[PDB]
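Below: one protein chain in two forms, given as structure tokens, structure 1 then structure 2.
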Structure 1
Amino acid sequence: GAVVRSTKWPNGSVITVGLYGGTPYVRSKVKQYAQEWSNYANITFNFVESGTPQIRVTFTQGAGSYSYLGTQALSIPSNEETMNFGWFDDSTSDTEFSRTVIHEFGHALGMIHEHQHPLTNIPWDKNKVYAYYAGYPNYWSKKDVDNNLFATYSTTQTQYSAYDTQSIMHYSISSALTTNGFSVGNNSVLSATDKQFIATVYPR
């Protein structure tokens, strides 16, 4: 796990969260798996239907799933979302809710992508990575690949644990895209390192 230091919330802080749209099913599932973080981190997510929430969540279809890093949400205008879930519906399984709700709420806590960990040096087969992401279903450009995959953060701007391949913040990496046989599977729950690291970041 790795957190951008400048995006960290004050420890023990209660973060207001607003849900805008979504079915009762999707909404309850978002809250259910978001509050999973509070079992290990000294951070509370307060889901509200009142006031001006610090975290604002939408469900705009096709817009992808994302979130701003921690307190970056403060810079965002009140008429915009800080977090969006792009593919949920009333047929979404618990495994999928767990995999991406926890992950985007990990971003909301200040955590980056684990494949961009400051201690890592993942053996990308760069040409094959470019080739795959250039086509369906991502259609990414060179700037997209270089910034979202290849680039890593620095140890100076981040508070980090050891590189964790099982982290909820680690994207799947196929052995077909590496030069090493190295591969990362599908992580859909909080890893042991996750629970430990987010505890050191927001300790009790």
Structure 2
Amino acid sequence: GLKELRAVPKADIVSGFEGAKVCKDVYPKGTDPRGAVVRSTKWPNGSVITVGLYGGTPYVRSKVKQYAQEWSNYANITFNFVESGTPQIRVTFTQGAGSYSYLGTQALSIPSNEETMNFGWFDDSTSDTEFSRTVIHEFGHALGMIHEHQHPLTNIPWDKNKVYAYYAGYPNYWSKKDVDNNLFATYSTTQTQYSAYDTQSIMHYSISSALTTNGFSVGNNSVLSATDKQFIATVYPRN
């Protein structure tokens, strides 16, 4: 099969946040997160992207493959799930590390012994809606999509000490200061790649109830929205 990736240090997986459903923004070391937008990170149109799955049960691995390929109904892009070589997208299932993917072709800047995507909370009992939501969302990032997030009406009620502890773990290794600029300041304003915000978007950024004092952390958006479908077709046209 595939060559083993280097393992996540288990000391850097933060205890107590098992099951906390956090999608983490991630970028190749030293790059500017503001530059990682779909017009810059999109794959060559018509690409067939090789994907490798590392670990996971056969059931979870089948679910990843099932829902990742939903994007190809609308985008002129195909995922080829392979078991040899160095795949372009490398998916791990490290429990407790959150879920994340590098954006678009930024995956190609990741060392070949490291993962480019992680699913941190799936198990064999996970619901179909949660598989659909999280897998389509993360492969959205893999196509270059960023989070959709509308301007907060009221400041997010961050449980700041739970947050500082969580983002100190792998893979960000963020300081107190790092969280203040990259997380708090980022989501204090609108984040969007659409001309108008789409409350139904699969790319909606949900903030975990493990990281806040109140509010509803699980939105409705578990399938591609009409805007998701229309936009991804303009990025990757059948041309």
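Quick note, the numbers are simply positions in structure 1, starting from 1. Note that the rigid core is defined as the largest set of C-alphas that superpose within 1.5 Å between two forms.
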Superpose on the rigid core and name the single residue from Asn148, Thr44, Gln166, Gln61 whose Cα moves by 2 angstroms or more between the two structures. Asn148
Could you tell me whether the Cα atom of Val129 shifts by at least 2 Å between the two structures after core superposition? yes
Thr178 C-alpha shift between the two structures of 2 Å or more, rigid core reference: yes
Did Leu74 shift 2 Å or more between the two structures, C-alpha, core superposed: no
After superposing on the rigid core, how many Å does the CA of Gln116 move between the two structures? 6.7
Core overlaid, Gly12 C-alpha shift between the two structures, how many Å? 0.2
